[PDB]
Ligand SMILES: *[C@@H]1O[C@H](CO)[C@@H](O)[C@H](O)[C@H]1NC(C)=O
Ligand SMILES: *[C@@H]1O[C@H](CO)[C@@H](O)[C@H](O)[C@H]1NC(C)=O
Ligand SMILES: *[C@@H]1O[C@H](CO)[C@@H](O)[C@H](O)[C@H]1NC(C)=O
């Protein structure tokens, strides 16, 4: 028997319903999300990390000169410095004083830390949505399975088949371009490959961590060696990856709306409380008992014994009843005014039972579906005393949830009074027009 | 020197221009696309292939009975058939006449052909655009390289830095869902995983060709064994993959607009003639020669000796000239009226040279640039003789390209005559209007 | 069998079984004489631009009819307004120039 409904996109808050099959007693259904994951499709654009400058041994030509050549090394530099007279531990290196030449070479390569400490530039596309759902129905215990939130792909959960509609909102916390560094995700509009600037995020770019084609843009300039000294000095713009680490700011992990949690394997946004989720679950036929085989309840009287519109189940109610067969009975409240804590109660031939509920209303009024029957519960709820709590509200507030009886009294009098006063004027206006008419006629 | 321009998204039709760096003689530039590839991002959804039904040896219980159990196999079927009296080569298998049961089992597997003969269902997202660009300029021979058509990433081609702008059209021949079978790509809204119907494309679905979790949806039903025979008969819906291969229809390879060619490694659409391509090329400073160092060309006179507005270089023109310091001189037509076949000519102190051109205009009038100089070429073109050709047009057709001098004359008379009639009517009205005034006054 | 396909300047590709696809383009070789008499000019442009020529010709005729009717209507209006002052005055000068411009 297929039951279709729309549940809020909330984690930890159970969706409760009675599955009403014609000719059979209602089956209580409880669907709760364990987690919800937005898993976008990503394509690695390039990998950024701190660069290393490789400086091969210089060529020192005594009594002569050399010429530089072009090489494919990233950010390759080569310069010939004439007029050198270097010294080493063994004395003067060259014979000639000013006729000697030193060739300096340098190029940029990925550092060793790039294997572990690097930032991944990704382009992000719409992917898939998956969830872990905890379901119990009737007398069957909780069962759970990982499901795809497509609205078409079914999942088997404890002999029940569940299909979950797509999220009502296509919202995703990830931008079109993101940077993943460590455990953090940044909505960073990174430069395209090959356009990185020196001292900025993309100064060094590589398609992969093992790629042999490395892009490097640093102002690497070879300097003249110190007089009498053999070395290869140079200047270069400090790494833009190290600078980015200092200035990267707040990650998406800390700014994502709706309480999204960001995870990387796979990249996904978890538990984003956005919109609502259509659901369709097939309850197995064996779960239903014929109405004639279940208890019949009558003369239900519901009393609200204590109520506070706190986030927890602050409402307490007592229902007096008489019942045949003294059996078990599902309990439900189809109205959105109150959420019922208990799923079912044990009935005797006669007596009363209590149940707990959570409501936002100052004057709640709700229908309690005692199996095959119903009783209307009404009462007055007090304000909660605790200002801040560490748990989410079990209920949903509406536009009129806070309006008290005294508030309605004033609204009714003010709206009714002004309307009646306007009408009174119009009535007098119509009558006087007729009074003048009768004077002439 | 950086040269910026826009070239059409055409393959095999070269873009020609003169790079004019102030103070230096023009440098002829020719940019030709070898191929353009739209390479979308793809996510494999599942793999479809023909199924195999696995049928283990049936359990034949003599003088007794057995019971079926569920198993974690795709489309698993199990049924116990009582009242069997099977025979083998050695005679009656069971002793009892009717107190015997056969338990038949069957389930669906991927066939051996699934490793080579299968269809891949992909989700297709915007990816990248790449092209092979063939470039020559000045006296530099043709050089080519693969480039990214995004307007950001530069390419170094023969010491020239090339940036190819993004395509003006974001059009792509692939829908959000495609099926790749063999070398063919189909735009097909395949069913979501786990929702395929029996006898249709998705009756058998696998996330990957080597997975151990297979979805199968066929009406596999075990049938009662024939009397006295040990075997496991069953009925099943014919494979929907074989059905699809019969009813595939035309692939995207055969229906893609704009002449796209579909390739699979990676999946891409090649040579789609959509929109235009912004370009920017930085020409080496060594390729430019100063004006005072190049020949001076004067007294130019251009005569069209033959012309037909065919798709090939049907035009022939002869240009007389006087010059100095005989040497090579680039030739270019800046207007779109005619495409010049020759890129440069050798000039003597005086003489004439010929060149060929392609034009769609019946009365072409175009400027010809001869290094540092220019001449105006005019003439009449006859219709082409060939109705159909196997090569694309070199020229571009304009709204007014087909209008002859005779047609313009008739349009001029039409508008001039029409206006003259109304003008006479208005003049007559104004004259009589004044006379009517003078009569009263 | 014989199959006829329409090919324009944009081109057409056909594939005969197991053969490489072939591409062909049509040239502007339609029959006509754009430099001849009006019946030859219209034929050339009709064959090259069938729909545009039909729409163009109708627009030309519609413009001529509106302009000629308006021109003559104003000229007829001119004669009525120009001559009427003299119709209502039998004993009038009626200059000879009037009989040449307004009649
Ligand atoms: C489902 O809920 C029950 C009780 O609420 C709990 O014991 C069980 O662990 C839950 N399942 C999952 C997967 O969290
Ligand atoms: C570039 O053009 C030249 C001449 O047109 C040709 O020989 C060469 O093969 C072309 N290169 C490519 C990669 O097509
Ligand atoms: C194709 O065109 C020719 C004209 O040359 C005509 O004779 C023939 O009947 C046409 N064939 C078809 C199938 O229309």
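Protein chains in written order, with my numbering: chain A, 38 to 478; chain B, 38 to 478; chain C, 437 to 539.
Think of the CB as a built atom: it goes at the ideal place given N, C-alpha and C, for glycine as much as any other residue.
With the criterion set as a beta carbon lying under 7 Å from some beta carbon of chain B, the members of the region 212-239 of chain A are 229, 230, 231 and 232, in sequence order. Under the 10 Å beta carbon count, residue 352/B is surrounded by 16 or more other beta carbons and is classified as buried. Listed along chain A are 229, each with a C-beta nearer than 7 Å to that of residue 187/B. When distances are taken from the beta-carbon of residue 440/C to the heavy atoms of ligand 3, the shortest one is below 7 Å.
One Cα belongs to residue 307/B, the other to residue 185/B, and the distance between them is close to 14 Å. In this structure, ligand 2 has a non-hydrogen atom nearer than 7 Å to the beta-carbon of residue 181/B.
Listed in chain order, the positions of the region 70-103 of chain B with a beta carbon within less than 9 Å of a beta carbon of chain A are 78 and 80. A distance below 8 Å separates the beta carbons of residue 138/A and residue 117/A. Chain B has a Cβ within less than 8 Å of the Cβ of residue 500/C.
The C-alpha of residue 50/B lies about 25 Å from the C-alpha of residue 58/B. Contact note: residue 393/A does not reach chain B at a C-beta cutoff of 9 Å; the least C-beta distance is about 39 Å. In this model, residue 516/C and residue 446/B are separated by some 36 Å (Cα to Cα).
Closest in C-alpha terms to residue 201/B, from the list 441/B, 396/B, 314/B and 416/B, comes 314/B.
Taking 8 Å as the CB threshold, residue 463/C lines the interface with chain B. Between residue 346/B and residue 413/B the beta-carbon gap is near 19 Å, outside 8 Å, which marks them as no contact.
Listed along the chain, the chain C residues whose CB falls inside 8 Å of the CB of residue 319/B amount to none; the nearest CB is some 35 Å away. Judged by their CB atoms, residue 338/B and residue 357/B are nearer to each other than the 8 Å cut-off. The CB of residue 190/A comes closer than 8 Å to the CB of 229, 230, 231 and 232 in chain B, given here in chain order. Relative to ligand 2, the beta carbon of residue 380/B is positioned no closer than 7 Å to any heavy atom.
DSSP places residue 483/C inside the alpha helix (DSSP H), whose first and last residues are 474-484. Positions of the beta strand (DSSP E) runs, each at least 3 residues long and wholly inside the region 111-163 of chain B, are given as 114-119 and 138-147 in order along the chain. Following the DSSP letters along the chain, one finds residue 280/A inside the alpha helix (DSSP H) bounded by residues 277-284. Going by DSSP, residue 388/A is part of no alpha helix (DSSP H) but of the beta strand (DSSP E) stretching over 387-396. When 8 Å is used as the limit between beta carbons, residue 162/A is near these residues of chain B: 78, 162 and 163, in chain order. For residue 471/C, at least one C-beta of chain B is nearer than 8 Å to its own C-beta. Assignment of residue 65/A by DSSP, reduced to helix, strand and coil, places it in the strand class.
For the 8 Å CB-CB criterion, residue 156/B and residue 278/B form a contact.
According to the DSSP secondary-structure assignment, residue 445/A is paired through a beta bridge with no residue.
A distance criterion of 7 Å places the beta-carbon of residue 71/B in contact range of ligand 2, judged by its closest non-hydrogen atom. In the structure shown, residue 509/C falls within a helical segment according to DSSP collapsed to helix, strand and coil. Here the C-alpha atom of residue 287/A lies approximately 22 Å from the C-alpha atom of residue 82/A. Cβ-Cβ separation between residue 223/A and residue 304/A: approximately 12 Å, too far for a contact (criterion under 8 Å). Residue pairing by DSSP places residue 369/B opposite 406/B in a beta bridge. Taking CB atoms only, residue 420/B has a neighbour in chain C less than 8 Å away. Distances from the CB of residue 125/B to the heavy atoms of ligand 1 are all 7 Å or more.
Residue 180/B sits in a strand when the DSSP states are folded into three classes.
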